[PDB]
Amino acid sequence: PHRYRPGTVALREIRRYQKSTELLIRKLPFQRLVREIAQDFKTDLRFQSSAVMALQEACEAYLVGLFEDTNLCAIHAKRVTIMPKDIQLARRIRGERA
């Protein structure tokens, strides 16, 4: 029986995904969450295919970026594990809140 050690697949997933550009959230569940949030602003809305795809590209871009700055915040506190407090520090310093 064979077993890769904690972090080894992780590093592998990093390399794999830093090499690709394909979106990483499944399309439908994103499309539902978009249509839901929008309903709170105007009812019976329709969404051009491209408009959702635009939103997803922006949205994933944003998060990937925030995970960089998060990971730099974790690392700063001599950790290798991102925690909420790290996402929090990044979004504070980015000017996004507090």
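All residue numbers refer to positions in the sequence shown, first residue = 1.
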Please work out which of 72-80 and 8-16 has the higher mean CA B-factor as recorded in the PDB entry.
8-16
Ranked by Cα temperature factor within the chain, is residue 44 in the lowest third, the middle third or the highest third?
highest
The third of the chain into which the C-alpha temperature factor of residue 38 falls is the middle
Residue 31, C-alpha B-factor rank within chain (lowest, middle or highest third)
highest
By the record's CA B-factor, is residue 53 among the lowest, middle or highest third of residues in the chain?
highest
